[PDB]
């Protein structure tokens, strides 16, 4: 799905998280992308959710660059996550690049929580 066009103004705590990462440009771009993509899907994050999301997105971006292994995951545990959440997560993982497909599972829970579906 195409992310919405929008100016994104991140909360102080999210900007702090980003500033401390090893690439604020790419981390800012990624958080912005995810917010816009979710908004196109009619999903919105509270500022607390957005903090938790940002931390995870920074970790994923880091792994995309370092090559550090996918955190062990059992896909069967995600059988009842909505398809919409899984598909948005897959799009984000692919967009970042240099990640394993199964990064989508843990990321999908952020989208599921933002829809109040957990």
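Numbering follows the first chain given and starts at 1.
Engineer: On mean C-alpha B-factor from the PDB entry, just flag whether 13 to 21 or 97 to 105 is the higher one.
Structural biologist: Higher mean C-alpha B-factor in the PDB entry: 13 to 21.
Engineer: Comparing 54 to 62 with 33 to 41, where is the mean C-alpha B-factor higher?
Structural biologist: Mean C-alpha B-factor is greater for 33 to 41.
Engineer: Comparing recorded Cα B-factors across 90, 80, 68, 74, which one is largest?
Structural biologist: In the PDB entry, the greatest C-alpha B-factor among 90, 80, 68, 74 is found at 80.
Engineer: Classify residue 46 as lowest, middle or highest third according to the C-alpha B-factor given in the PDB entry, relative to its own chain.
Structural biologist: Highest third - that is where residue 46 ends up once the chain's C-alpha B-factors are sorted.
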